[PDB]
Amino acid sequence: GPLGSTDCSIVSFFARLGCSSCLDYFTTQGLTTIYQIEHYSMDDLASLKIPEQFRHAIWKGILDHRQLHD
């Protein structure tokens, strides 16, 4: 049986936030990870063909999470 965790990627993070199509794109590209977005600043995301309309939101959500928690 699992032990709390089972799969840890941006998929679960998008599910909570309400992000739908953006999660699809991420899992389809095969580059969805939590610890990576925590190091991949706004520039890498822009170079990943991610538009500002969503890019700054993804980054803001995770940076806000790690900022509000420990």
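Listed under the method field of the entry is solution NMR.

1. Details of the overall build of the protein chain
Summing up its helical and strand segments, the protein chain has 5 helices and 0 strands in all. Ordering the α and β elements of the protein chain from the N terminus gives α-α-α-α-α. Considered along the principal axes of its C-alpha atoms, the protein chain spans approximately 40 × 30 × 20 Å. Taken over 70 residues, the protein chain has a buried fraction of 20%. The contacts of the protein chain with a sequence gap of at least 6 include a subset with a gap of at least 24, amounting to 42%. Working note: accessible area of the protein chain is about 5,500 Å², and carbon and sulfur atoms make up 52% of it. Each charge class in the protein chain can be summarised by its mean position, and for the 5 positive and 8 negative side chains these summaries are 4 Å apart.

2. Some remarks on the nonpolar core
Core analysis: the largest hydrophobic core is formed by 11 residues, namely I10, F13, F14, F26, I37, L45, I50, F54, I58, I62 and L63. Counting residues per element, the ones that place at least two in this core are helix 1 (10-17) and helix 5 (52-68). With 4 residues, helix 5 is the single largest residue contributor to this core. Sequence-distant contacts of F26, defined by excluding residues within four places in its chain, comprise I10, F14, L31, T32, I50, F54 and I58.

3. Considerations on the layout of surface pockets
In this model, the largest pocket occupies a volume close to 160 Å³. For the lining of the largest pocket, the element with the most residues is helix 2 (residues 21-29), which contributes 4 residues. Grouping the constituent residues of the lining of the largest pocket by class yields 8 nonpolar, 1 polar and 1 charged.

Reading the values: the criteria
Residues numbered from 1 in each chain as written, not as in the entry; some residues may be left out. Heavy atoms only, no water. Helix = DSSP H or I, 4+ residues; strand = E, 2+ residues; numbered from the N terminus. Buried < 20%, exposed > 50% of the residue type's maximum accessible area, 1.4 Å probe, protein only. Contact = heavy atoms within 4.5 Å. Areas by Shrake-Rupley, 256 points an atom, 1.4 Å probe, with all protein chains shown as cover. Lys, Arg positive; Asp, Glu negative; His and termini not counted. Charge placed at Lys NZ, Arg CZ, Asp CG, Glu CD. Core = buried A, V, L, I, M, F, W, Y, C linked by side-chain atoms within 4.5 Å. 1 Å grid on protein atoms, 1.4 Å probe; cavity = no way out; pocket = protein on both sides within 12 Å on 5 of 7 lines; lining within 4 Å. Points joined across faces, edges and corners; volume = space filled by probe spheres on them. Nonpolar A, V, L, I, M, F, W, Y, C, P; charged D, E, K, R; others polar.

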